[PDB]
Amino acid sequence: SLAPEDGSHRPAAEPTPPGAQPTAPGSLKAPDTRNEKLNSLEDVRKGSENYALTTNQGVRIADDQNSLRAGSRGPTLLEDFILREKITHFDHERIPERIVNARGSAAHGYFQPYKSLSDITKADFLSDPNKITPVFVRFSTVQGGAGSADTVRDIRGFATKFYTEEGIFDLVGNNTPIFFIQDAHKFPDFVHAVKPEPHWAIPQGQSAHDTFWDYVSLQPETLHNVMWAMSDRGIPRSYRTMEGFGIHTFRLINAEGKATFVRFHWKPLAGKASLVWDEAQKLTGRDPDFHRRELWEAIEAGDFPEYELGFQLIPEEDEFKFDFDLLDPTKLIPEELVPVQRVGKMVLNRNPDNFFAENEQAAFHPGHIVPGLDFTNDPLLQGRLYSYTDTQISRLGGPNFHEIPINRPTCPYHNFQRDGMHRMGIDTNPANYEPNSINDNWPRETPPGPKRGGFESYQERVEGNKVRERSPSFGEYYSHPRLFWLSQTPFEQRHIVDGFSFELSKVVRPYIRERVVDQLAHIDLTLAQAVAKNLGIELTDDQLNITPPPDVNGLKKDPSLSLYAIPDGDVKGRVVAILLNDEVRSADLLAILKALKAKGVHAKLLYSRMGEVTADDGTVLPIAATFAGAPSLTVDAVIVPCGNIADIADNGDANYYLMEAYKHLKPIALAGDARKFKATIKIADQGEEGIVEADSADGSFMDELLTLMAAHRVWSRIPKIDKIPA
Amino acid sequence: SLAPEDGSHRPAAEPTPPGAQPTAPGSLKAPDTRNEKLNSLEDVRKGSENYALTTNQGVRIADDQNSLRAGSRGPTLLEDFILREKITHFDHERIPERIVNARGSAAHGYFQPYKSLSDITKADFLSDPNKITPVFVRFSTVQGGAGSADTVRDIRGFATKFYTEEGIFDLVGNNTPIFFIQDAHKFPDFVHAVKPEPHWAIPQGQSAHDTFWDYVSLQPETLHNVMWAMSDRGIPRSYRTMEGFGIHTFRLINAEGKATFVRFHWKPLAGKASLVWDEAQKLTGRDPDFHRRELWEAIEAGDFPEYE
Amino acid sequence: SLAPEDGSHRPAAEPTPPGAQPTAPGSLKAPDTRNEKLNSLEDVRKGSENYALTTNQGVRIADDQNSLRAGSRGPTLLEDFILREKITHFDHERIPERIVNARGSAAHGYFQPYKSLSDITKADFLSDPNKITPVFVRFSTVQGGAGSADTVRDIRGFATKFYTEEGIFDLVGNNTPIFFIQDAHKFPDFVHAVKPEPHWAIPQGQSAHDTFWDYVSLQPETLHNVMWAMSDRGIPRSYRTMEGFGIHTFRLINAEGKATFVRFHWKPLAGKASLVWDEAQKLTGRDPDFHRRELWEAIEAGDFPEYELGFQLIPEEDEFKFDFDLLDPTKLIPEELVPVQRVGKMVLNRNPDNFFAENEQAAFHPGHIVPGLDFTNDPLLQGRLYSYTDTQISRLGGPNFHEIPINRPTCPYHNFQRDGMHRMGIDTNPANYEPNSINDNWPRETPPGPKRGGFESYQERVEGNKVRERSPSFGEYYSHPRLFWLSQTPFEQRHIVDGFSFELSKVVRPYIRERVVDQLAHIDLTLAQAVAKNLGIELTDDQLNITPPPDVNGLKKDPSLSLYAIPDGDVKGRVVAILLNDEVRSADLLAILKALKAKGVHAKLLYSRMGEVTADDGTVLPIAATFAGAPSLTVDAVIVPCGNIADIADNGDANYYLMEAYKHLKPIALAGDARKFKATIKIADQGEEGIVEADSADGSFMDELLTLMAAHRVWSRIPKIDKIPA
Amino acid sequence: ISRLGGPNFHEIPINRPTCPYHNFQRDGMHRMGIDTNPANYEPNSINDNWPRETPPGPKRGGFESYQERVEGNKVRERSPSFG
Ligand code: HEM
Ligand code: HEM
Ligand code: HEM
């Protein structure tokens, strides 16, 4: 029952490209990657090699293949304590998944600021460019269960736990800069509406159903984040290629006591990139684990996800200077009005060891702040402060969830709290209360001050009556949707129109569709008309005369709201499919791989069967996957080298592979006789931008391909794809 | 008055074909379809039309749109007990999913035997062809979570709760007539091998990964059920068009105390029918809820799943 | 600083007698005491001196006196995350108490065998006289809640966790050698019957109610342990002065595979000693924590509880050599037939640091055996094997209770079990199943062998039909109760009579009393008559002629069954009340205290008030307690020295002190004018056995007193106590 | 929530209101009530927005807090009048 002779069961503990080795727990793949938090988990890491198999009480097991029975065909005996312990632990494996964001993928890394921020905040983790803060990040979808698919259309969660020297700070954000609703009291309404409908629990991972669009049509506050969801923001290529936002306005407090309003941003250093809808939806079927896999593999390859932290900063005296309320989380602050100041860089550089222990049990909370940070009255933030504490007690089984290893602070913690289910800490303090004399009052309160001080809330002025009332300043719902719409490129606008049209086609009750279209007519007539036409709906004269909402503080657009208007492409860590034949021209392949390797782009070698093929020069080429097994959905570009093209010329899967990649706007490159495939994608002989072609794969061919890949997708091909049957 | 004036928001309370009307809870879609179990659930069914919105304590709510704050732009106050109750119930909605067969779709129905089986079993539910036994049946996949896809390649579970006059009998079977392993002591081994791998929790809903095939290769007792899983049996067209089996040999005991060995079968009266692999895998993407949907809609249409 | 200047808040970290210092956490009191288990807990112990007060996330708290509010008389704000974490942890402090034995008191210690027992067992912890095994022992009552009283009449539990090098072994026993019932199936019936009745949840800590005696009257198998319960066995003086028993027959298994039947015994090295009923019951009121307190204070004083482990051993071929069935847990094995062989010694030498974390969360299981031990078919033990695993999952919150620090093995444990609520261990094994090739099949099964081998069950022959049937061999109910009765001294027999009489008086339905009396007439006529008389019941002529049950294998008694038949007193750690007056004769006191100190006997100095008094010669005498504050119930004897006897001669409390102690059969000693107190307890001028008296507290006054204390109580005084109104 | 095992402790018989209770809350451990409402959110059109909010009033009205004036700074401070 043993390992192969050749040690091929065990992956190399060295960075390797996706597919080259079986993936492995982080501490075994990258044992020399350390930080303070990863080190501190060492008390609970358990190995296995050379150890005897035992019960949980330490008793060695002789026979782990059989129950104890009276004779070998007899009844199982109740005294089999080994069987019952093993079955009981199995029987009790599951815990409640998260009520939202149950589907998520996490990794370890570190953060450091570029320069001390002491002028605007006394937060210790921002005080020194050479003081490094361990982090654990979990990225997530929102709607679906923990076993749902990665590449659904949904908002994404982006939660970062900072293990600072002055306490855990969790920054619990999303990949769009606003939320659907204004006041936390409506959260259960909204989430019930987007989640599977309660009679039949359908659909998973999708807003494309009646109840979501019903709530939307009756709650126009939702429309801004709905625009972002229906755009390609809702289908990121990778967690590495999306933006992050805290959404709410928070405060920074400096040593002088000055408060500055702040909104938090993460910039992906790999650039912004999203799938297209047909590709994203098909990919939930071909690989429901695509984003989880891609994140794990990037870290195993050395393509560490990196993000830049950035702050939009607004002085206290400028609180009311915009035509939107800063405390309204359905409103974004355009970068054109308030730029993002770069603050520091976060690098995710190691995977967990056990997904359940570290990812499933991690607990983040936006209420987890530190001195130098504070809240505001944002009525959605205010309610979140209550919710995460409450849900985690039942999800994680009691109030000692901070003792679960992943959640533990790395800085000191001491207090008079005691007991609770699964209490780990054995307190020796003779006192469990303060004030006490019997322990000289330790642990003691600490006055606030410039560093290492106790937490004190900023003394904000509160004046008003106890009311359940939405601020009048929050009652404007169309101008930000329209700013977003106007800031998208034409192809991005088309994909938005296609998102609304596809989703509303799945709404069974037609008046719900009509009411949503009426809401679109309040944002932009061109958008409303394009959706209406796809739905066979005709706008009335009144609808055509709805006056468009005002510009946002004179802005007619802000290109930072577009994924693509401003190029920010980075090809490192992207992947190319190379479609092999049984007599590959080894000169083509040499040049291809050399150029890819120079830019940090990975390759997957594909064929019509598994095993190996032999190139013209005797080189044996191992096959990663079949054309069916690793579809074009899972790669960024396709390259077909010369060789014996007749081997694959009439293979349906190989032809379809090119048709699918072509449809989904990916760069394709064809060398030598592979150019015969130009017929399948049915498109000229002078060639076309987006298809690289040459007698062979030279320097120039690869440079062209690599340039297209830096632009992510071939948008100019869009008019050509409605004709292809794929 | 948010409902459309034409009453088109509400599905007709009569059988209708898939897609013709919005789907609805069973007691509203088919109020006249009754059995003893469904009738006995009446004490806990809760309606809604014409009733005031309240807390769980019965206090009427005036404004379910806003938290209580100090000023309309001020901080939320700890005294907002309406807000806290609503968010707390929300916060605690989830329970652990089933350790296996977490993904499953269920319906109510009824069973009747063709003739009294008193000669071979004193089981009351099988004693009289005029004796009707309410059932609740759940069909499931095995490996994936409750939010995983329906048309994966997997064994299917087929569990029937018989509410008999002498006790609940649960017949907890699968859609193939054998299981992968011999002794329950190995069940955590086998299930761990098929389930997502522990470092990264991949893949969902699939035995197509190293640990499953490592275990199979080292445990040849698995091969028989593996053959079934790799065949089109692993990808049924519908829960209505697959076979059921209790797998184990049980005993029937008659009044004279004679034991007869029995294995249980379910025959789908709609026939046996499966998907093909490329279709099944793509369907997990285009509609991960396809079997759940198909079952619900068949019952709404009057195409009742029948099994012998 | 709130501590006093003089440092009197902090107990001395050295052995001190009961009452001399405040009690403290074990690791603070006795930092120098260590064993392997205590050392292994070090990583979870938490200090407090010199640390800042923080949240559980490590954020320093500035003001731990106030909620955050809008204005200092304003509403509390939801954003107060410091308040909500502190209150939430508080809100969730409790866990379910144990279904039975909820009330218990526990200490750390160590065990060592006297010699290797490798000839009869391959159990590692018994293999070497040099091998020391850490232990954790919890003693308990059975019926009452965690907050019920110690000195109730009840069975006591005695549970020992041995942290061996081959696994945790739990020896989960009682202070009597049999149980009430035969088959585990009836455990909920019996326990429901003894526990508080379900309508009104009365009575706590008492079998004196209808449902208990109803069950007993209908289930004669219970009578054996009921006899024990009604005897003074039911009210021990201290956990230090009771026997322990595993009750069931288990097996020892040697390296050759030979099985030997075994029953386990603990012998108290401090000897056997019990309270009398009126004393025990009042003491539940004056100090409901008396046993818990006494165990803790003995350990702080260095009076470490010591027990000898012993085995009754029966060869496999002698299974049917007795009049009763070895597998019947309502039968004892008389020591006259099978002697107890001494095995080793256990010393409890350290208190916990945190009662909840170490005591409340400890989980013991009679199914936790190690290779070299095995079970038998005892049908009560059989069912136990199921129950403790089940209960502990809900009590302790999931299947990883073995990771709670007190429960962890000190030896290695590795297996393929994963996940579960509150999972601490982070597994790095690429595999979570076996057989596996991807981790070379580690951790691996180990064949059984002479040492360090895997667990294999003894291949006992099983033959018969699947039946719910009691063995006919178990169907004898009276001969063990009779053996027990005949082995008791006449004063122990009287206290048994009075236990049944008092409990049956509290049974409201008269026919239930009648039915119990009829059961007694089947055991012993003298017993039945005496109880009957106290209940106003007359035996019928038929009851009067019930033939008594036969002797047990020829024995008409066994004095090892009696608490007192064979003197085994030890005065070390017993306590004496010394009743002071305002002008004590200092020569009497020096001699008293010097004599007490030499035998390890503690003293408490008592007066009509707190503070101090001054002896005839200037010596300042500090008062420990008032007569009312520390009643005679709490001491083993009373000495009254000479002095100004007039000062307390008419003190109602001081007179009553002597009356109570007289009634409860405690030695009393009176010196010089303290002899005036003879009048209050009606002692004749020439004195009586059990009252020491003289002109001064010595020559042989202290030897006489200490001699009486060695005999525990003055049994000969029993006829005299009825005429004393106390 | 922890003592009684989940968020449906109001369905424990002794705790239940004797007056009507209807809302959009769903699920939670040991859920007894089986909701037939097509909607589990409001505002909804698919159940005509039932169950519905009720304005506060002299009898049978919805709960509205008394509109007490709050003026002060966010402080963790004991009122001097309590001293
Ligand atoms: C700005 C709007 C919000 C954002 C950016 C957001 C973000 C997130 C994220 C990223 C997670 C997953 C953390 C993880 O990976 O474990 C999460 C979980 C959760 N959120 Fe929020 N959220 C928002 C609004 C709300 C609201 C209004 C509430 C309720 C008042 C709420 C309650 C919850 C709950 C109960 C969880 C599960 C937490 C756990 O089980 O540990 N969220 N949220
Ligand atoms: C012939 C072999 C088996 C068959 C046909 C089978 C069938 C099933 C089915 C259909 C379900 C889902 C019931 C539902 O819809 O809720 C289920 C659940 C489950 N099974 Fe089995 N099973 C088999 C073997 C085993 C074994 C050997 C074990 C462990 C010793 C096991 C443990 C479980 C557990 C713990 C659940 C979850 C039950 C719950 O949470 O209610 N099964 N099984
Ligand atoms: C020879 C007869 C028995 C003896 C000597 C005995 C002894 C004990 C003791 C000493 C404890 C307390 C352990 C501790 O201090 O934490 C205990 C707890 C317990 N016992 Fe037994 N017991 C007996 C019979 C039974 C039976 C027949 C059952 C059920 C079939 C049972 C079920 C339990 C349960 C559920 C607990 C609570 C365990 C926990 O919560 O950790 N016992 N027993």
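Computation of the quantities below employed the complete heavy-atom set of this structure, encompassing side-chain atoms and omitting hydrogens, waters and symmetry-equivalent molecules. Lettering of chains follows the sequences in order, A, B, ..., and the numbering in each one begins at 1. In listed order, ligands and their atoms are each counted from 1.
For C:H365 (side chain) and C:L385 (main-chain N/O), a donor-acceptor pair under 3.5 Å exists by modelled atom type. Here the side chain of A:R84 pairs a donor or acceptor atom with the backbone of A:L78 at under 3.5 angstrom. Looking at C:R138, its side chain never comes within 3.5 Å of a backbone N or O of C:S105 through a donor-acceptor pair. Distance alone, capped at 3.5 Å, places no donor-acceptor pair between the C:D378 side chain and the C:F250 backbone. The closest donor-acceptor contact from the side chain of C:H224 to the backbone of C:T330 lies under 3.5 Å.
Scanning all protein heavy atoms for the shortest distance to atom 10 (C) of ligand 1 gives A:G173 O, 3.4 Å.
At least one N or O atom of C:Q392, backbone or side chain, sits closer than 3.5 Å to an N or O atom of ligand 3. For ligand 2, the polar-atom distance check finds an N/O of B:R98 within less than 3.5 Å of one of the ligand's N/O atoms. Of the N or O atoms in C:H248, none lie within a sub-3.5 Å distance of an N or O in ligand 3.
Residue A:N101: no N/O/S atom is found under 2.8 Å from atom 21 (Fe) of ligand 1.
There is a protein heavy atom closer than 4.0 angstrom to atom 15 (O) of ligand 2. There is no protein heavy atom less than 4.0 angstrom from atom 38 (C) of ligand 2. Inside a 4.0 Å radius of atom 23 (C) of ligand 2 there is not any protein heavy atom.
Comparing C:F190, C:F139, C:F245, C:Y388 by heavy-atom distance to atom 21 (Fe) of ligand 3, the nearest is C:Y388. When the options A:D390, A:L380, A:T389, A:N359 are ranked by their closest heavy atom to atom 2 (C) of ligand 1, first place goes to A:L380. Evaluated by nearest non-hydrogen atom to atom 34 (C) of ligand 3, the leading choice among C:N407, C:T160, C:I99 is C:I99.
C:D183 has no carboxylate O lying under 4.0 Å from a charged side-chain N of C:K186, or vice versa, which leaves the two without a salt bridge.
In summary, the atoms of ligand 3 found under 4.0 Å from a heavy atom of C:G157, numbered by their order in the structure, are 10 (C).
Contact annotation for C:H365 and ligand 3: no heavy atom of the residue comes within less than 4.0 Å of the ligand.
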